[PDB]
>>> print(open('model_24.pdb').read())   # PDB, N, CA and C atoms
ATOM      1  N   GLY A   1       0.806  -1.206   0.000  1.00  0.00           N
ATOM      2  CA  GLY A   1       0.000   0.000   0.000  1.00  0.00           C
ATOM      3  C   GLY A   1       0.843   1.261   0.000  1.00  0.00           C
ATOM      4  N   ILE A   2       1.293   1.669   1.182  1.00  0.00           N
ATOM      5  CA  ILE A   2       2.112   2.867   1.313  1.00  0.00           C
ATOM      6  C   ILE A   2       3.590   2.548   1.107  1.00  0.00           C
ATOM      7  N   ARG A   3       4.370   3.572   0.779  1.00  0.00           N
ATOM      8  CA  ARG A   3       5.800   3.402   0.554  1.00  0.00           C
ATOM      9  C   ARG A   3       6.606   4.377   1.408  1.00  0.00           C
ATOM     10  N   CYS A   4       6.380   5.668   1.194  1.00  0.00           N
ATOM     11  CA  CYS A   4       7.083   6.703   1.943  1.00  0.00           C
ATOM     12  C   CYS A   4       6.428   6.932   3.302  1.00  0.00           C
ATOM     13  N   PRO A   5       7.184   7.541   4.228  1.00  0.00           N
ATOM     14  CA  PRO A   5       6.697   7.832   5.580  1.00  0.00           C
ATOM     15  C   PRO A   5       5.633   8.923   5.590  1.00  0.00           C
ATOM     16  N   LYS A   6       4.410   8.554   5.228  1.00  0.00           N
ATOM     17  CA  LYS A   6       3.301   9.501   5.196  1.00  0.00           C
ATOM     18  C   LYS A   6       3.669  10.743   4.390  1.00  0.00           C
ATOM     19  N   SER A   7       3.847  10.563   3.085  1.00  0.00           N
ATOM     20  CA  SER A   7       4.203  11.669   2.203  1.00  0.00           C
ATOM     21  C   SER A   7       4.357  11.188   0.764  1.00  0.00           C
ATOM     22  N   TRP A   8       3.518  11.713  -0.121  1.00  0.00           N
ATOM     23  CA  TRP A   8       3.559  11.338  -1.530  1.00  0.00           C
ATOM     24  C   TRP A   8       4.628  12.132  -2.273  1.00  0.00           C
ATOM     25  N   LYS A   9       5.886  11.911  -1.907  1.00  0.00           N
ATOM     26  CA  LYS A   9       7.001  12.605  -2.539  1.00  0.00           C
ATOM     27  C   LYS A   9       8.045  11.611  -3.041  1.00  0.00           C
ATOM     28  N   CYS A  10       8.811  11.046  -2.113  1.00  0.00           N
ATOM     29  CA  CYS A  10       9.845  10.079  -2.461  1.00  0.00           C
ATOM     30  C   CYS A  10      10.764  10.632  -3.545  1.00  0.00           C
ATOM     31  N   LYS A  11      11.588  11.607  -3.174  1.00  0.00           N
ATOM     32  CA  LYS A  11      12.519  12.222  -4.113  1.00  0.00           C
ATOM     33  C   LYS A  11      13.342  11.160  -4.837  1.00  0.00           C
ATOM     34  N   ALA A  12      13.064  10.979  -6.124  1.00  0.00           N
ATOM     35  CA  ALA A  12      13.782   9.998  -6.928  1.00  0.00           C
ATOM     36  C   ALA A  12      15.290  10.179  -6.799  1.00  0.00           C
ATOM     37  N   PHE A  13      15.732  11.432  -6.774  1.00  0.00           N
ATOM     38  CA  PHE A  13      17.152  11.741  -6.657  1.00  0.00           C
ATOM     39  C   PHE A  13      17.732  11.143  -5.378  1.00  0.00           C
ATOM     40  N   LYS A  14      17.264  11.636  -4.236  1.00  0.00           N
ATOM     41  CA  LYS A  14      17.735  11.153  -2.944  1.00  0.00           C
ATOM     42  C   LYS A  14      17.516   9.649  -2.813  1.00  0.00           C
ATOM     43  N   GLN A  15      16.456   9.152  -3.442  1.00  0.00           N
ATOM     44  CA  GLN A  15      16.137   7.730  -3.396  1.00  0.00           C
ATOM     45  C   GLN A  15      17.267   6.899  -3.994  1.00  0.00           C
ATOM     46  N   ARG A  16      17.772   7.336  -5.143  1.00  0.00           N
ATOM     47  CA  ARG A  16      18.854   6.630  -5.818  1.00  0.00           C
ATOM     48  C   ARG A  16      20.180   6.849  -5.095  1.00  0.00           C
ATOM     49  N   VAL A  17      20.460   8.101  -4.750  1.00  0.00           N
ATOM     50  CA  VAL A  17      21.695   8.444  -4.053  1.00  0.00           C
ATOM     51  C   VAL A  17      21.892   7.569  -2.821  1.00  0.00           C
ATOM     52  N   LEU A  18      20.805   7.316  -2.101  1.00  0.00           N
ATOM     53  CA  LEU A  18      20.857   6.492  -0.899  1.00  0.00           C
ATOM     54  C   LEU A  18      21.533   5.154  -1.185  1.00  0.00           C
ATOM     55  N   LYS A  19      21.191   4.556  -2.321  1.00  0.00           N
ATOM     56  CA  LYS A  19      21.766   3.276  -2.716  1.00  0.00           C
ATOM     57  C   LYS A  19      23.110   3.473  -3.408  1.00  0.00           C
ATOM     58  N   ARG A  20      23.229   4.561  -4.161  1.00  0.00           N
ATOM     59  CA  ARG A  20      24.463   4.865  -4.875  1.00  0.00           C
ATOM     60  C   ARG A  20      25.659   4.849  -3.926  1.00  0.00           C
ATOM     61  N   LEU A  21      25.492   5.467  -2.763  1.00  0.00           N
ATOM     62  CA  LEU A  21      26.558   5.525  -1.768  1.00  0.00           C
ATOM     63  C   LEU A  21      27.071   4.127  -1.439  1.00  0.00           C
ATOM     64  N   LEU A  22      26.173   3.148  -1.477  1.00  0.00           N
ATOM     65  CA  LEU A  22      26.537   1.766  -1.186  1.00  0.00           C
ATOM     66  C   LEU A  22      27.252   1.128  -2.372  1.00  0.00           C
ATOM     67  N   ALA A  23      26.591   1.128  -3.525  1.00  0.00           N
ATOM     68  CA  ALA A  23      27.166   0.554  -4.735  1.00  0.00           C
ATOM     69  C   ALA A  23      28.566   1.101  -4.992  1.00  0.00           C
ATOM     70  N   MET A  24      28.745   2.395  -4.745  1.00  0.00           N
ATOM     71  CA  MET A  24      30.036   3.040  -4.949  1.00  0.00           C
ATOM     72  C   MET A  24      31.002   2.691  -3.820  1.00  0.00           C
ATOM     73  N   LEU A  25      30.496   2.699  -2.592  1.00  0.00           N
ATOM     74  CA  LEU A  25      31.315   2.384  -1.426  1.00  0.00           C
ATOM     75  C   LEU A  25      32.048   1.060  -1.617  1.00  0.00           C
ATOM     76  N   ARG A  26      31.301   0.023  -1.981  1.00  0.00           N
ATOM     77  CA  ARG A  26      31.880  -1.298  -2.199  1.00  0.00           C
ATOM     78  C   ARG A  26      32.952  -1.250  -3.283  1.00  0.00           C
ATOM     79  N   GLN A  27      32.695  -0.469  -4.328  1.00  0.00           N
ATOM     80  CA  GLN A  27      33.637  -0.337  -5.433  1.00  0.00           C
ATOM     81  C   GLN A  27      34.538   0.879  -5.239  1.00  0.00           C
ATOM     82  N   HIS A  28      34.925   1.128  -3.992  1.00  0.00           N
ATOM     83  CA  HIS A  28      35.787   2.261  -3.671  1.00  0.00           C
ATOM     84  C   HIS A  28      37.031   2.264  -4.556  1.00  0.00           C
ATOM     85  N   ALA A  29      37.476   3.457  -4.937  1.00  0.00           N
ATOM     86  CA  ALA A  29      38.655   3.598  -5.782  1.00  0.00           C
ATOM     87  C   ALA A  29      39.867   4.032  -4.965  1.00  0.00           C
ATOM     88  N   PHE A  30      40.674   3.062  -4.550  1.00  0.00           N
ATOM     89  CA  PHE A  30      41.866   3.343  -3.760  1.00  0.00           C
ATOM     90  C   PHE A  30      42.768   4.346  -4.474  1.00  0.00           C
TER      91      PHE A  30
END
>>> encode(input="model_24.pdb", output="structure tokens")
Amino acid sequence: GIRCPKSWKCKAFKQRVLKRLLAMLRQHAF
């Protein structure tokens, strides 16, 4: 049913960035 914490927004940008930090973190560039 619901997705966001009581708010029909879910910034696509911040949404992706949240995961990006992980995907990039693992593939850190020494």
>>> atom_distance(input="model_24.pdb", atom1="atom CA of residue 16 of chain A", atom2="atom N of residue 3 of chain A")
16.2 Å
>>> axis_aligned_box(input="model_24.pdb", around="segment 13-19 of chain A", padding_each_side="3 Å", output="JSON")
{"center_x": 19.4, "center_y": 7.5, "center_z": -3.8, "size_x": 13.4, "size_y": 14.5, "size_z": 11.9}
>>> atom_distance(input="model_24.pdb", atom1="atom N of residue 15 of chain A", atom2="atom C of residue 2 of chain A")
15.2 Å
>>> atom_distance(input="model_24.pdb", atom1="atom C of residue 20 of chain A", atom2="atom N of residue 4 of chain A")
20.0 Å
>>> decode(input="model_24.pdb", residues="chain A", atoms="N, CA, C and O atoms", output="short mmCIF file (atom, residue, chain, number, x, y, z; two decimals), in the first residue's frame")
data_model
loop_
_atom_site.label_atom_id
_atom_site.label_comp_id
_atom_site.auth_asym_id
_atom_site.auth_seq_id
_atom_site.Cartn_x
_atom_site.Cartn_y
_atom_site.Cartn_z
N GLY A 1 0.81 -1.21 0.00
CA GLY A 1 0.00 0.00 0.00
C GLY A 1 0.84 1.26 0.00
O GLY A 1 1.08 1.86 -1.05
N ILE A 2 1.29 1.67 1.18
CA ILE A 2 2.11 2.87 1.31
C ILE A 2 3.59 2.55 1.11
O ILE A 2 4.01 1.40 1.24
N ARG A 3 4.37 3.57 0.78
CA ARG A 3 5.80 3.40 0.55
C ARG A 3 6.61 4.38 1.41
O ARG A 3 7.41 3.97 2.24
N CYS A 4 6.38 5.67 1.19
CA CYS A 4 7.08 6.70 1.94
C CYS A 4 6.43 6.93 3.30
O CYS A 4 5.27 6.58 3.53
N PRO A 5 7.18 7.54 4.23
CA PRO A 5 6.70 7.83 5.58
C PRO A 5 5.63 8.92 5.59
O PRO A 5 5.91 10.08 5.92
N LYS A 6 4.41 8.55 5.23
CA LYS A 6 3.30 9.50 5.20
C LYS A 6 3.67 10.74 4.39
O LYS A 6 3.79 11.84 4.94
N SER A 7 3.85 10.56 3.08
CA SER A 7 4.20 11.67 2.20
C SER A 7 4.36 11.19 0.76
O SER A 7 5.22 10.36 0.46
N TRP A 8 3.52 11.71 -0.12
CA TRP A 8 3.56 11.34 -1.53
C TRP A 8 4.63 12.13 -2.27
O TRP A 8 4.32 12.93 -3.16
N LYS A 9 5.89 11.91 -1.91
CA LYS A 9 7.00 12.60 -2.54
C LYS A 9 8.05 11.61 -3.04
O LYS A 9 8.15 11.36 -4.24
N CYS A 10 8.81 11.05 -2.11
CA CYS A 10 9.85 10.08 -2.46
C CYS A 10 10.76 10.63 -3.55
O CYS A 10 10.73 10.19 -4.69
N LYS A 11 11.59 11.61 -3.17
CA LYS A 11 12.52 12.22 -4.11
C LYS A 11 13.34 11.16 -4.84
O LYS A 11 14.21 10.52 -4.24
N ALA A 12 13.06 10.98 -6.12
CA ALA A 12 13.78 10.00 -6.93
C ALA A 12 15.29 10.18 -6.80
O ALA A 12 16.04 9.20 -6.72
N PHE A 13 15.73 11.43 -6.77
CA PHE A 13 17.15 11.74 -6.66
C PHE A 13 17.73 11.14 -5.38
O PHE A 13 18.59 10.26 -5.42
N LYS A 14 17.26 11.64 -4.24
CA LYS A 14 17.73 11.15 -2.94
C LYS A 14 17.52 9.65 -2.81
O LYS A 14 18.29 8.95 -2.16
N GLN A 15 16.46 9.15 -3.44
CA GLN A 15 16.14 7.73 -3.40
C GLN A 15 17.27 6.90 -3.99
O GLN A 15 17.67 5.88 -3.43
N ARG A 16 17.77 7.34 -5.14
CA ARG A 16 18.85 6.63 -5.82
C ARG A 16 20.18 6.85 -5.10
O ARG A 16 20.93 5.90 -4.86
N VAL A 17 20.46 8.10 -4.75
CA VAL A 17 21.70 8.44 -4.05
C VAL A 17 21.89 7.57 -2.82
O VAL A 17 23.01 7.13 -2.53
N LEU A 18 20.80 7.32 -2.10
CA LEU A 18 20.86 6.49 -0.90
C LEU A 18 21.53 5.15 -1.19
O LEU A 18 22.35 4.68 -0.40
N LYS A 19 21.19 4.56 -2.32
CA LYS A 19 21.77 3.28 -2.72
C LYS A 19 23.11 3.47 -3.41
O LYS A 19 24.02 2.66 -3.26
N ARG A 20 23.23 4.56 -4.16
CA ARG A 20 24.46 4.87 -4.88
C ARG A 20 25.66 4.85 -3.93
O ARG A 20 26.71 4.29 -4.24
N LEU A 21 25.49 5.47 -2.76
CA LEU A 21 26.56 5.53 -1.77
C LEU A 21 27.07 4.13 -1.44
O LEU A 21 28.26 3.94 -1.16
N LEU A 22 26.17 3.15 -1.48
CA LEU A 22 26.54 1.77 -1.19
C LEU A 22 27.25 1.13 -2.37
O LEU A 22 28.38 0.65 -2.25
N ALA A 23 26.59 1.13 -3.52
CA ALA A 23 27.17 0.55 -4.74
C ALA A 23 28.57 1.10 -4.99
O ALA A 23 29.46 0.37 -5.40
N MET A 24 28.74 2.40 -4.74
CA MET A 24 30.04 3.04 -4.95
C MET A 24 31.00 2.69 -3.82
O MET A 24 32.18 2.42 -4.06
N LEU A 25 30.50 2.70 -2.59
CA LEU A 25 31.31 2.38 -1.43
C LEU A 25 32.05 1.06 -1.62
O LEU A 25 33.26 0.98 -1.44
N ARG A 26 31.30 0.02 -1.98
CA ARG A 26 31.88 -1.30 -2.20
C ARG A 26 32.95 -1.25 -3.28
O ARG A 26 33.99 -1.91 -3.17
N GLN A 27 32.70 -0.47 -4.33
CA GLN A 27 33.64 -0.34 -5.43
C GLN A 27 34.54 0.88 -5.24
O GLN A 27 34.87 1.58 -6.20
N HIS A 28 34.92 1.13 -3.99
CA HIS A 28 35.79 2.26 -3.67
C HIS A 28 37.03 2.26 -4.56
O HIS A 28 37.57 1.21 -4.88
N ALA A 29 37.48 3.46 -4.94
CA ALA A 29 38.65 3.60 -5.78
C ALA A 29 39.87 4.03 -4.96
O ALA A 29 40.07 5.22 -4.71
N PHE A 30 40.67 3.06 -4.55
CA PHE A 30 41.87 3.34 -3.76
C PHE A 30 42.77 4.35 -4.47
O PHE A 30 42.97 5.46 -4.00
#
